[PDB]
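J.: File follows, protein.cif with mmCIF, C-alpha atoms and all ligand atoms:
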```
data_final
#
loop_
_atom_site.group_PDB
_atom_site.id
_atom_site.type_symbol
_atom_site.label_atom_id
_atom_site.label_comp_id
_atom_site.auth_asym_id
_atom_site.auth_seq_id
_atom_site.Cartn_x
_atom_site.Cartn_y
_atom_site.Cartn_z
ATOM 1 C CA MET A 1 64.490 113.190 107.263
ATOM 2 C CA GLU A 2 61.589 115.582 107.458
ATOM 3 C CA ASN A 3 64.335 117.358 109.432
ATOM 4 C CA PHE A 4 66.324 118.208 106.252
ATOM 5 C CA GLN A 5 65.686 120.623 103.363
ATOM 6 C CA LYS A 6 67.622 119.557 100.256
ATOM 7 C CA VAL A 7 69.434 122.566 98.756
ATOM 8 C CA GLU A 8 71.153 120.968 95.728
ATOM 9 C CA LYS A 9 72.579 117.716 94.407
ATOM 10 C CA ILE A 10 76.370 117.868 94.643
ATOM 11 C CA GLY A 11 77.447 114.340 93.708
ATOM 12 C CA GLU A 12 77.096 110.606 93.352
ATOM 13 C CA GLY A 13 78.888 108.166 95.636
ATOM 14 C CA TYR A 14 76.683 103.825 96.955
ATOM 15 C CA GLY A 15 74.240 106.774 96.576
ATOM 16 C CA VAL A 16 73.431 110.400 95.662
ATOM 17 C CA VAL A 17 74.857 113.296 97.767
ATOM 18 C CA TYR A 18 72.941 116.533 98.434
ATOM 19 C CA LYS A 19 73.771 119.798 100.170
ATOM 20 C CA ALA A 20 71.040 120.044 102.812
ATOM 21 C CA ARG A 21 69.970 122.234 105.694
ATOM 22 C CA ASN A 22 68.861 120.908 109.065
ATOM 23 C CA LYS A 23 65.413 122.620 109.340
ATOM 24 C CA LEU A 24 65.651 122.763 113.155
ATOM 25 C CA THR A 25 69.311 123.576 113.919
ATOM 26 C CA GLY A 26 70.234 125.572 110.788
ATOM 27 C CA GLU A 27 73.243 123.325 110.087
ATOM 28 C CA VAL A 28 74.317 123.008 106.464
ATOM 29 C CA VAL A 29 75.356 119.405 105.779
ATOM 30 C CA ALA A 30 76.188 116.944 103.034
ATOM 31 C CA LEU A 31 73.496 114.273 103.026
ATOM 32 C CA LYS A 32 74.199 110.959 101.308
ATOM 33 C CA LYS A 33 71.089 108.836 100.661
ATOM 34 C CA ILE A 34 72.186 105.207 100.222
ATOM 35 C CA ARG A 35 70.857 103.163 97.292
ATOM 36 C CA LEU A 36 68.246 100.880 99.008
ATOM 37 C CA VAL A 37 68.880 97.556 105.074
ATOM 38 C CA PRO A 38 71.256 94.611 105.972
ATOM 39 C CA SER A 39 72.110 94.146 109.684
ATOM 40 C CA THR A 40 75.781 93.794 108.616
ATOM 41 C CA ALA A 41 75.815 97.205 106.842
ATOM 42 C CA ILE A 42 74.216 99.082 109.763
ATOM 43 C CA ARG A 43 76.853 97.808 112.224
ATOM 44 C CA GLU A 44 79.772 98.386 109.815
ATOM 45 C CA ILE A 45 78.534 101.961 109.123
ATOM 46 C CA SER A 46 78.099 102.737 112.840
ATOM 47 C CA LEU A 47 81.807 101.966 113.412
ATOM 48 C CA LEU A 48 82.714 104.629 110.851
ATOM 49 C CA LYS A 49 80.980 107.147 113.139
ATOM 50 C CA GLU A 50 83.918 106.649 115.562
ATOM 51 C CA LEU A 51 86.668 106.923 112.848
ATOM 52 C CA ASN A 52 87.314 110.618 113.471
ATOM 53 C CA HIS A 53 90.314 112.535 112.133
ATOM 54 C CA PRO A 54 91.037 116.122 110.947
ATOM 55 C CA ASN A 55 91.548 114.746 107.394
ATOM 56 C CA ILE A 56 88.395 112.563 107.223
ATOM 57 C CA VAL A 57 85.051 114.198 106.426
ATOM 58 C CA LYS A 58 83.140 114.007 109.731
ATOM 59 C CA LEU A 59 80.144 111.606 109.752
ATOM 60 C CA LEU A 60 77.720 113.530 111.971
ATOM 61 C CA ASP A 61 74.813 111.094 111.967
ATOM 62 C CA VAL A 62 73.485 107.851 110.481
ATOM 63 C CA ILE A 63 69.703 107.868 109.918
ATOM 64 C CA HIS A 64 68.243 104.408 109.375
ATOM 65 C CA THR A 65 64.586 105.182 108.746
ATOM 66 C CA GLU A 66 62.995 103.322 107.117
ATOM 67 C CA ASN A 67 64.569 101.035 104.465
ATOM 68 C CA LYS A 68 66.820 103.766 103.161
ATOM 69 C CA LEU A 69 69.954 104.843 104.984
ATOM 70 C CA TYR A 70 71.080 108.489 105.067
ATOM 71 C CA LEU A 71 74.562 109.538 106.159
ATOM 72 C CA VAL A 72 74.773 113.116 107.388
ATOM 73 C CA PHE A 73 78.252 114.597 106.957
ATOM 74 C CA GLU A 74 79.832 117.964 107.666
ATOM 75 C CA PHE A 75 79.704 120.131 104.544
ATOM 76 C CA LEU A 76 82.934 121.161 102.770
ATOM 77 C CA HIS A 77 82.591 123.762 99.984
ATOM 78 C CA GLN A 78 84.543 122.295 97.076
ATOM 79 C CA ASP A 79 86.080 119.045 95.814
ATOM 80 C CA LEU A 80 89.597 118.627 94.511
ATOM 81 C CA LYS A 81 88.414 117.897 90.948
ATOM 82 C CA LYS A 82 86.690 121.259 90.764
ATOM 83 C CA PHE A 83 89.714 123.024 92.360
ATOM 84 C CA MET A 84 92.122 121.357 89.869
ATOM 85 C CA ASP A 85 89.804 122.344 86.966
ATOM 86 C CA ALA A 86 89.657 125.950 88.357
ATOM 87 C CA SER A 87 93.474 125.937 88.681
ATOM 88 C CA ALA A 88 94.169 124.369 85.243
ATOM 89 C CA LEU A 89 95.744 127.418 83.514
ATOM 90 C CA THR A 90 98.440 127.990 86.170
ATOM 91 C CA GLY A 91 98.344 124.747 88.130
ATOM 92 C CA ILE A 92 98.020 124.344 91.876
ATOM 93 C CA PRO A 93 101.111 125.815 93.537
ATOM 94 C CA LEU A 94 103.671 123.205 94.657
ATOM 95 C CA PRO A 95 103.532 124.175 98.339
ATOM 96 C CA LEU A 96 99.783 123.601 98.325
ATOM 97 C CA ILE A 97 100.128 120.305 96.387
ATOM 98 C CA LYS A 98 102.611 119.216 99.070
ATOM 99 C CA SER A 99 100.385 120.289 101.966
ATOM 100 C CA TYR A 100 97.421 118.414 100.475
ATOM 101 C CA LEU A 101 99.475 115.243 99.832
ATOM 102 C CA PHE A 102 100.854 115.354 103.414
ATOM 103 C CA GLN A 103 97.391 115.781 104.947
ATOM 104 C CA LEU A 104 95.925 112.938 102.855
ATOM 105 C CA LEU A 105 98.818 110.721 103.922
ATOM 106 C CA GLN A 106 97.941 111.647 107.523
ATOM 107 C CA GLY A 107 94.299 110.666 106.934
ATOM 108 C CA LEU A 108 95.303 107.373 105.318
ATOM 109 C CA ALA A 109 97.929 106.493 107.964
ATOM 110 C CA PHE A 110 95.156 106.914 110.536
ATOM 111 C CA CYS A 111 92.590 104.872 108.530
ATOM 112 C CA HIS A 112 95.200 102.164 107.784
ATOM 113 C CA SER A 113 96.313 101.872 111.425
ATOM 114 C CA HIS A 114 92.656 100.850 112.115
ATOM 115 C CA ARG A 115 92.744 98.441 109.143
ATOM 116 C CA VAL A 116 90.189 100.521 107.233
ATOM 117 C CA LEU A 117 90.816 100.938 103.502
ATOM 118 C CA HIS A 118 89.268 103.652 101.350
ATOM 119 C CA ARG A 119 89.406 101.565 98.091
ATOM 120 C CA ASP A 120 88.185 104.276 95.711
ATOM 121 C CA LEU A 121 90.190 107.477 96.165
ATOM 122 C CA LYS A 122 89.660 110.087 93.460
ATOM 123 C CA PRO A 123 89.689 113.892 93.144
ATOM 124 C CA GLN A 124 85.822 113.904 93.352
ATOM 125 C CA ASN A 125 85.849 112.433 96.888
ATOM 126 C CA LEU A 126 88.609 114.652 98.263
ATOM 127 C CA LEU A 127 87.098 117.771 99.868
ATOM 128 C CA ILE A 128 88.760 121.070 100.603
ATOM 129 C CA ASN A 129 87.979 124.089 102.755
ATOM 130 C CA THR A 130 88.987 127.771 102.866
ATOM 131 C CA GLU A 131 91.550 127.270 105.683
ATOM 132 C CA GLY A 132 93.777 124.868 103.789
ATOM 133 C CA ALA A 133 92.403 121.478 104.898
ATOM 134 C CA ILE A 134 91.714 118.557 102.608
ATOM 135 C CA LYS A 135 89.609 115.563 103.697
ATOM 136 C CA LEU A 136 88.827 112.003 102.611
ATOM 137 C CA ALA A 137 85.157 111.263 101.877
ATOM 138 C CA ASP A 138 83.157 108.316 100.589
ATOM 139 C CA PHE A 139 84.954 105.380 102.201
ATOM 140 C CA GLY A 140 83.520 102.405 100.284
ATOM 141 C CA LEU A 141 82.395 99.266 102.107
ATOM 142 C CA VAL A 142 80.312 105.654 84.519
ATOM 143 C CA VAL A 143 82.747 104.358 87.170
ATOM 144 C CA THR A 144 86.220 105.974 87.010
ATOM 145 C CA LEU A 145 89.087 103.445 86.754
ATOM 146 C CA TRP A 146 91.898 106.024 86.546
ATOM 147 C CA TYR A 147 93.093 105.639 90.145
ATOM 148 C CA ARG A 148 92.715 101.830 90.499
ATOM 149 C CA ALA A 149 95.756 99.871 91.727
ATOM 150 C CA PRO A 150 97.045 97.164 89.380
ATOM 151 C CA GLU A 151 96.447 94.321 91.897
ATOM 152 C CA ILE A 152 92.720 95.230 91.847
ATOM 153 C CA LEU A 153 92.684 95.284 88.028
ATOM 154 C CA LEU A 154 94.491 91.895 87.927
ATOM 155 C CA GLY A 155 91.794 90.275 90.067
ATOM 156 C CA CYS A 156 93.346 90.209 93.560
ATOM 157 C CA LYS A 157 90.421 89.540 95.923
ATOM 158 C CA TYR A 158 92.212 90.385 99.185
ATOM 159 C CA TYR A 159 94.028 93.556 98.340
ATOM 160 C CA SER A 160 95.615 95.787 101.002
ATOM 161 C CA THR A 161 95.988 99.344 102.287
ATOM 162 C CA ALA A 162 98.550 99.714 99.427
ATOM 163 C CA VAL A 163 95.696 100.302 96.959
ATOM 164 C CA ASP A 164 95.046 103.717 98.568
ATOM 165 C CA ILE A 165 98.695 104.721 98.248
ATOM 166 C CA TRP A 166 98.550 103.875 94.559
ATOM 167 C CA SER A 167 95.404 105.988 94.069
ATOM 168 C CA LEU A 168 96.939 108.910 96.001
ATOM 169 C CA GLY A 169 100.100 108.647 93.861
ATOM 170 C CA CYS A 170 97.963 108.996 90.696
ATOM 171 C CA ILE A 171 96.231 112.026 92.238
ATOM 172 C CA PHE A 172 99.622 113.633 93.211
ATOM 173 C CA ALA A 173 100.838 113.226 89.618
ATOM 174 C CA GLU A 174 97.668 114.791 88.288
ATOM 175 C CA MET A 175 97.867 117.863 90.594
ATOM 176 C CA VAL A 176 101.464 118.333 89.378
ATOM 177 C CA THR A 177 101.074 117.844 85.593
ATOM 178 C CA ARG A 178 97.404 118.899 85.237
ATOM 179 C CA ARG A 179 96.595 115.716 83.272
ATOM 180 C CA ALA A 180 95.357 112.366 84.596
ATOM 181 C CA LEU A 181 98.255 109.925 84.728
ATOM 182 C CA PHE A 182 96.316 106.780 83.594
ATOM 183 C CA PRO A 183 92.986 107.801 81.968
ATOM 184 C CA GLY A 184 91.741 104.280 81.013
ATOM 185 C CA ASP A 185 88.157 103.792 79.871
ATOM 186 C CA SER A 186 88.021 100.018 80.489
ATOM 187 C CA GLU A 187 89.870 97.643 82.763
ATOM 188 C CA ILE A 188 92.260 96.371 80.110
ATOM 189 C CA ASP A 189 92.798 99.926 78.742
ATOM 190 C CA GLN A 190 93.596 101.038 82.297
ATOM 191 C CA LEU A 191 95.950 98.108 82.856
ATOM 192 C CA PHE A 192 97.701 98.675 79.495
ATOM 193 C CA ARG A 193 98.100 102.446 80.098
ATOM 194 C CA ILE A 194 99.796 101.542 83.429
ATOM 195 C CA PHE A 195 101.940 98.905 81.635
ATOM 196 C CA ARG A 196 102.881 101.386 78.847
ATOM 197 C CA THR A 197 104.164 103.964 81.385
ATOM 198 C CA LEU A 198 105.666 101.747 84.115
ATOM 199 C CA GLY A 199 106.567 98.657 82.031
ATOM 200 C CA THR A 200 104.712 95.347 81.896
ATOM 201 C CA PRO A 201 105.196 93.880 85.371
ATOM 202 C CA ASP A 202 107.028 90.528 85.617
ATOM 203 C CA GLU A 203 108.239 88.215 88.409
ATOM 204 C CA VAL A 204 111.412 90.299 88.918
ATOM 205 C CA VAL A 205 109.651 93.525 89.925
ATOM 206 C CA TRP A 206 106.491 91.849 91.302
ATOM 207 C CA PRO A 207 106.987 88.299 92.654
ATOM 208 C CA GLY A 208 103.759 86.341 92.138
ATOM 209 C CA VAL A 209 102.289 88.714 89.508
ATOM 210 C CA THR A 210 102.077 85.838 86.935
ATOM 211 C CA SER A 211 99.844 83.863 89.329
ATOM 212 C CA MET A 212 97.218 86.591 89.639
ATOM 213 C CA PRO A 213 93.700 85.616 88.537
ATOM 214 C CA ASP A 214 93.479 87.954 85.526
ATOM 215 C CA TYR A 215 97.160 87.924 84.572
ATOM 216 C CA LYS A 216 97.697 86.624 81.015
ATOM 217 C CA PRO A 217 101.113 85.402 79.737
ATOM 218 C CA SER A 218 99.976 86.951 76.474
ATOM 219 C CA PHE A 219 99.905 90.579 77.814
ATOM 220 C CA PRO A 220 102.146 92.777 75.661
ATOM 221 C CA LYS A 221 105.649 93.438 77.020
ATOM 222 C CA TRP A 222 106.308 97.167 77.283
ATOM 223 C CA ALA A 223 109.507 98.704 78.693
ATOM 224 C CA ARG A 224 109.374 101.138 81.620
ATOM 225 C CA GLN A 225 109.588 104.906 80.842
ATOM 226 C CA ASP A 226 111.484 107.523 82.979
ATOM 227 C CA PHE A 227 109.681 109.492 85.700
ATOM 228 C CA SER A 228 111.519 112.527 84.408
ATOM 229 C CA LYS A 229 109.229 112.100 81.389
ATOM 230 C CA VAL A 230 106.112 111.162 83.450
ATOM 231 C CA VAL A 231 105.917 114.131 85.885
ATOM 232 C CA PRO A 232 108.426 116.704 84.451
ATOM 233 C CA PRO A 233 107.631 119.657 86.719
ATOM 234 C CA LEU A 234 108.332 117.632 89.877
ATOM 235 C CA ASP A 235 111.683 117.878 91.700
ATOM 236 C CA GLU A 236 113.698 114.744 92.422
ATOM 237 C CA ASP A 237 112.281 114.392 95.979
ATOM 238 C CA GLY A 238 108.663 114.376 94.667
ATOM 239 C CA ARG A 239 109.584 111.997 91.857
ATOM 240 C CA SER A 240 111.326 109.633 94.285
ATOM 241 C CA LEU A 241 108.242 109.649 96.551
ATOM 242 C CA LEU A 242 105.902 109.172 93.611
ATOM 243 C CA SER A 243 107.938 106.194 92.331
ATOM 244 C CA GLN A 244 107.594 104.584 95.742
ATOM 245 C CA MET A 245 103.815 105.192 95.764
ATOM 246 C CA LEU A 246 103.530 103.539 92.330
ATOM 247 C CA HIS A 247 105.611 100.379 92.979
ATOM 248 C CA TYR A 248 103.853 97.452 91.310
ATOM 249 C CA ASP A 249 104.433 95.110 94.265
ATOM 250 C CA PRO A 250 101.921 96.113 96.987
ATOM 251 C CA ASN A 251 104.425 94.830 99.585
ATOM 252 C CA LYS A 252 107.177 97.155 98.312
ATOM 253 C CA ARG A 253 104.786 100.091 97.826
ATOM 254 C CA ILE A 254 105.499 102.808 100.399
ATOM 255 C CA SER A 255 103.172 103.018 103.431
ATOM 256 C CA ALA A 256 101.382 106.222 104.365
ATOM 257 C CA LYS A 257 103.414 106.327 107.629
ATOM 258 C CA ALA A 258 106.752 105.906 105.821
ATOM 259 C CA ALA A 259 105.730 108.476 103.153
ATOM 260 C CA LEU A 260 105.159 111.102 105.850
ATOM 261 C CA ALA A 261 108.886 110.717 106.741
ATOM 262 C CA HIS A 262 109.969 111.184 103.062
ATOM 263 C CA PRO A 263 112.431 114.083 102.446
ATOM 264 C CA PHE A 264 109.854 115.651 100.058
ATOM 265 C CA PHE A 265 108.088 116.825 103.195
ATOM 266 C CA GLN A 266 111.107 118.347 104.991
ATOM 267 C CA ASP A 267 109.788 121.812 103.993
ATOM 268 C CA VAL A 268 106.044 121.168 104.132
ATOM 269 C CA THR A 269 103.818 124.088 105.158
ATOM 270 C CA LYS A 270 100.038 124.751 105.168
ATOM 271 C CA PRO A 271 99.189 127.370 102.544
ATOM 272 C CA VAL A 272 95.600 128.531 102.145
ATOM 273 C CA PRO A 273 94.003 128.013 98.711
ATOM 274 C CA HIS A 274 92.343 130.788 96.771
ATOM 275 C CA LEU A 275 88.833 129.330 96.407
ATOM 276 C CA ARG A 276 86.025 130.707 94.255
ATOM 277 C CA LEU A 277 82.856 129.456 95.950
HETATM 278 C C1 LIG A 301 76.954 120.777 91.949
HETATM 279 N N1 LIG A 301 78.115 120.176 91.311
HETATM 280 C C2 LIG A 301 78.304 120.754 89.990
HETATM 281 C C3 LIG A 301 79.310 120.355 92.130
HETATM 282 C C4 LIG A 301 80.273 119.185 92.070
HETATM 283 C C5 LIG A 301 80.679 118.671 93.424
HETATM 284 O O1 LIG A 301 80.826 119.792 94.303
HETATM 285 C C6 LIG A 301 80.821 119.579 95.660
HETATM 286 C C7 LIG A 301 80.806 120.661 96.512
HETATM 287 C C8 LIG A 301 80.795 120.443 97.873
HETATM 288 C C9 LIG A 301 80.809 119.130 98.339
HETATM 289 N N2 LIG A 301 80.768 118.905 99.701
HETATM 290 C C10 LIG A 301 80.839 117.746 100.453
HETATM 291 C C11 LIG A 301 80.669 116.461 99.931
HETATM 292 C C12 LIG A 301 80.802 115.423 100.854
HETATM 293 N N3 LIG A 301 80.628 114.060 100.473
HETATM 294 C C13 LIG A 301 80.297 113.005 101.296
HETATM 295 N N4 LIG A 301 80.259 111.856 100.664
HETATM 296 C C14 LIG A 301 80.611 112.147 99.351
HETATM 297 C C15 LIG A 301 80.742 111.312 98.243
HETATM 298 C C16 LIG A 301 81.107 111.864 97.025
HETATM 299 C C17 LIG A 301 81.353 113.213 96.903
HETATM 300 C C18 LIG A 301 81.231 114.063 97.992
HETATM 301 C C19 LIG A 301 80.864 113.508 99.211
HETATM 302 N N5 LIG A 301 80.976 115.614 102.163
HETATM 303 C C20 LIG A 301 81.093 116.893 102.524
HETATM 304 N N6 LIG A 301 81.043 117.978 101.754
HETATM 305 N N7 LIG A 301 80.848 118.076 97.516
HETATM 306 C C21 LIG A 301 80.863 118.306 96.195
#
```
Do you think you could lay out the structure here as structure tokens?
T.:
Amino acid sequence: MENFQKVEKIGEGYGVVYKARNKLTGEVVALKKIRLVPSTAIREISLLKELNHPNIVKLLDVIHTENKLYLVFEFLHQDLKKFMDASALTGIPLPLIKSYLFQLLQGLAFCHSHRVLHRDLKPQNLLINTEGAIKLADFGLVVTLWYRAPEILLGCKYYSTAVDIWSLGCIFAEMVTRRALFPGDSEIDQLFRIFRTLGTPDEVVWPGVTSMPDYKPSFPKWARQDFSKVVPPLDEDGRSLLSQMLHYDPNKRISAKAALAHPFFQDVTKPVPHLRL
């Protein structure tokens, strides 16, 4: 750790993230210092060192010395939240939205084939570079609830890869409309904003929903709205894909693999963003 010169704090993950410079090699890195280490965590983290993909932020090194754990990652120059904020007047161009969605689906398909879930996707942990890449960071082992799948909010203990597809669907919608789709500020507010837009789920659209730990018979019954109203700028292919990413039933929700084959991507390309660094 004496090996690293902290340049600036750039975020908060289970810890704070700094831009740092390796004092010996000259490498500029993102250094995550983890909040207070269990034998189980060390071994689980070391496996993530082998989960390498073009659309996953590269974990360069794990430094367990001595009670704290630091994760040394490759440095990317901007997060998607900042890029969306910087693009808010005109919006991110559709071709670039589509490229980013496709690449994140590639990252997830990879993670999910190895039975690794992200669990907390959000614009703040999606990182972009000047050559058009976007990468997943901060794979979990005031908290934002906006991207949380309904099965998590309803108390499902053993949720699936489908949670990440839900989160990515919410992020897709946001890139398109330039407003967060479900900006809840508590778990029930989040759940009711989902219900208000997509309809209160029942046994018809989600078999077993009424048996979920935090499901109440007394939830209000809202009707579903149209996706034409929810993401107006999006063409029918994007809306179709989005609707599949936001299916209530995690077993009907589209997989990352299947989503890559969606007709929305027939004309996918890799534009380069205009980034102000
Ligand atoms: C100073 N703030 C006003 C700026 C706001 C945020 O701006 C930036 C600019 C550049 C980067 N770069 C990164 C970050 C990561 N990373 C690894 N685990 C993470 C967990 C959370 C977030 C990022 C995480 N990995 C590689 N590159 N991250 C944020």
J.: What does the PyMOL selection byres (((chain A and resi 70-73) around 8) and not hetatm) select in this file, as a PyMOL selection string?
T.: chain A and resi 29-34+57-64+68-69+74-75
J.: Using all atoms listed in the file, which residues of chain A come within 8 Å of ligand LIG 301 (chain A), and what is the closest atom pair for each, with the distance in Å to one decimal? Give it as JSON lines, sorted by chain and residue number.
T.:
```
{"residue": "A:8", "atom": "CA", "partner": "A:LIG301", "partner_atom": "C1", "distance": 6.9}
{"residue": "A:9", "atom": "CA", "partner": "A:LIG301", "partner_atom": "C1", "distance": 5.9}
{"residue": "A:10", "atom": "CA", "partner": "A:LIG301", "partner_atom": "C1", "distance": 4.0}
{"residue": "A:11", "atom": "CA", "partner": "A:LIG301", "partner_atom": "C17", "distance": 5.2}
{"residue": "A:12", "atom": "CA", "partner": "A:LIG301", "partner_atom": "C16", "distance": 5.6}
{"residue": "A:13", "atom": "CA", "partner": "A:LIG301", "partner_atom": "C15", "distance": 4.5}
{"residue": "A:16", "atom": "CA", "partner": "A:LIG301", "partner_atom": "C15", "distance": 7.8}
{"residue": "A:17", "atom": "CA", "partner": "A:LIG301", "partner_atom": "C14", "distance": 6.1}
{"residue": "A:18", "atom": "CA", "partner": "A:LIG301", "partner_atom": "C11", "distance": 7.9}
{"residue": "A:19", "atom": "CA", "partner": "A:LIG301", "partner_atom": "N2", "distance": 7.1}
{"residue": "A:29", "atom": "CA", "partner": "A:LIG301", "partner_atom": "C20", "distance": 7.1}
{"residue": "A:30", "atom": "CA", "partner": "A:LIG301", "partner_atom": "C20", "distance": 4.9}
{"residue": "A:31", "atom": "CA", "partner": "A:LIG301", "partner_atom": "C13", "distance": 7.1}
{"residue": "A:32", "atom": "CA", "partner": "A:LIG301", "partner_atom": "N4", "distance": 6.2}
{"residue": "A:57", "atom": "CA", "partner": "A:LIG301", "partner_atom": "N5", "distance": 6.1}
{"residue": "A:73", "atom": "CA", "partner": "A:LIG301", "partner_atom": "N5", "distance": 5.6}
{"residue": "A:74", "atom": "CA", "partner": "A:LIG301", "partner_atom": "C20", "distance": 5.4}
{"residue": "A:75", "atom": "CA", "partner": "A:LIG301", "partner_atom": "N6", "distance": 3.8}
{"residue": "A:76", "atom": "CA", "partner": "A:LIG301", "partner_atom": "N6", "distance": 3.8}
{"residue": "A:77", "atom": "CA", "partner": "A:LIG301", "partner_atom": "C8", "distance": 4.3}
{"residue": "A:78", "atom": "CA", "partner": "A:LIG301", "partner_atom": "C7", "distance": 4.1}
{"residue": "A:79", "atom": "CA", "partner": "A:LIG301", "partner_atom": "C21", "distance": 5.3}
{"residue": "A:82", "atom": "CA", "partner": "A:LIG301", "partner_atom": "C4", "distance": 6.9}
{"residue": "A:124", "atom": "CA", "partner": "A:LIG301", "partner_atom": "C17", "distance": 5.7}
{"residue": "A:125", "atom": "CA", "partner": "A:LIG301", "partner_atom": "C17", "distance": 4.6}
{"residue": "A:126", "atom": "CA", "partner": "A:LIG301", "partner_atom": "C18", "distance": 7.4}
{"residue": "A:127", "atom": "CA", "partner": "A:LIG301", "partner_atom": "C10", "distance": 6.3}
{"residue": "A:137", "atom": "CA", "partner": "A:LIG301", "partner_atom": "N4", "distance": 5.1}
{"residue": "A:138", "atom": "CA", "partner": "A:LIG301", "partner_atom": "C15", "distance": 4.5}
```
J.: Go ahead and write the selection's residues with C-alpha atoms as a compact mmCIF listing (two decimals), keeping the file's coordinate frame.
T.:
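Result written to part-v5.txt:
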```txt
# COMPACT_ATOMS: atom_id res chain seq x y z
CA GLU A 8 71.15 120.97 95.73
CA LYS A 9 72.58 117.72 94.41
CA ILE A 10 76.37 117.87 94.64
CA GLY A 11 77.45 114.34 93.71
CA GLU A 12 77.10 110.61 93.35
CA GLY A 13 78.89 108.17 95.64
CA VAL A 16 73.43 110.40 95.66
CA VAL A 17 74.86 113.30 97.77
CA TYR A 18 72.94 116.53 98.43
CA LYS A 19 73.77 119.80 100.17
CA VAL A 29 75.36 119.40 105.78
CA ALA A 30 76.19 116.94 103.03
CA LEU A 31 73.50 114.27 103.03
CA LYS A 32 74.20 110.96 101.31
CA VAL A 57 85.05 114.20 106.43
CA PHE A 73 78.25 114.60 106.96
CA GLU A 74 79.83 117.96 107.67
CA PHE A 75 79.70 120.13 104.54
CA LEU A 76 82.93 121.16 102.77
CA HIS A 77 82.59 123.76 99.98
CA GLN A 78 84.54 122.30 97.08
CA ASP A 79 86.08 119.04 95.81
CA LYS A 82 86.69 121.26 90.76
CA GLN A 124 85.82 113.90 93.35
CA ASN A 125 85.85 112.43 96.89
CA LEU A 126 88.61 114.65 98.26
CA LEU A 127 87.10 117.77 99.87
CA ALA A 137 85.16 111.26 101.88
CA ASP A 138 83.16 108.32 100.59
```
J.: One decimal, in Å: what's the spacing between atom CA of residue A:267 and atom CA of residue A:238?
T.: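 Straight-line distance from atom CA of residue A:267 to atom CA of residue A:238 works out to 12.0 Å.
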J.: Report as a PDB file with C-alpha atoms, keeping the file's coordinate frame the full result of the PyMOL selection byres (((chain A and resi 220) around 9) and not hetatm) when it is applied to this structure.
T.:
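This went into selection33.pdb:
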```
ATOM      1  CA  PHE A 192      97.701  98.675  79.495  1.00  0.00           C
ATOM      2  CA  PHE A 195     101.940  98.905  81.635  1.00  0.00           C
ATOM      3  CA  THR A 200     104.712  95.347  81.896  1.00  0.00           C
ATOM      4  CA  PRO A 217     101.113  85.402  79.737  1.00  0.00           C
ATOM      5  CA  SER A 218      99.976  86.951  76.474  1.00  0.00           C
ATOM      6  CA  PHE A 219      99.905  90.579  77.814  1.00  0.00           C
ATOM      7  CA  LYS A 221     105.649  93.438  77.020  1.00  0.00           C
ATOM      8  CA  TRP A 222     106.308  97.167  77.283  1.00  0.00           C
TER       9      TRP A 222
END
```
J.: Taking the file above as input, evaluate the PyMOL selection byres (((chain A and resi 161) around 12) and not hetatm) and report the hits as an NGL selection string.
T.: :A and (105 or 108-121 or 149 or 151-152 or 158-160 or 162-168 or 245 or 250-251 or 253-257)
J.: Pick the closest to residue A:90 from A:123, A:20, A:27, A:175: which is it, counting all atoms listed in the file?
T.: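 Going through A:123, A:20, A:27, A:175 one by one, the smallest distance to residue A:90 is for A:175.
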J.: Please measure the separation of atom CA of residue A:266 and atom CA of residue A:237, giving the value in Å to one decimal.
T.: 9.9 Å
J.: Rebuild N, CA and C atoms on stretch 19-28 of chain A, as a tab-separated table (two decimals), in the frame of the given file?
T.:
```tsv
chain	number	residue	atom	x	y	z
A	19	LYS	N	73.67	118.74	99.16
A	19	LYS	CA	73.77	119.80	100.17
A	19	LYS	C	72.38	119.95	100.78
A	20	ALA	N	72.31	119.96	102.10
A	20	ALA	CA	71.04	120.04	102.81
A	20	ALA	C	71.16	120.97	104.01
A	21	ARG	N	70.02	121.43	104.50
A	21	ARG	CA	69.97	122.23	105.69
A	21	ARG	C	69.10	121.56	106.75
A	22	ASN	N	69.64	121.41	107.95
A	22	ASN	CA	68.86	120.91	109.06
A	22	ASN	C	67.81	121.95	109.46
A	23	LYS	N	66.53	121.67	109.15
A	23	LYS	CA	65.41	122.62	109.34
A	23	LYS	C	65.26	123.13	110.78
A	24	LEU	N	65.80	122.40	111.75
A	24	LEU	CA	65.65	122.76	113.16
A	24	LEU	C	66.88	123.50	113.71
A	25	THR	N	68.07	123.03	113.36
A	25	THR	CA	69.31	123.58	113.92
A	25	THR	C	69.96	124.68	113.05
A	26	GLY	N	69.64	124.66	111.76
A	26	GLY	CA	70.23	125.57	110.79
A	26	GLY	C	71.52	125.07	110.15
A	27	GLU	N	71.99	123.89	110.56
A	27	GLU	CA	73.24	123.32	110.09
A	27	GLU	C	73.13	123.03	108.61
A	28	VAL	N	74.19	123.35	107.87
A	28	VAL	CA	74.32	123.01	106.46
A	28	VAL	C	75.19	121.75	106.46
```
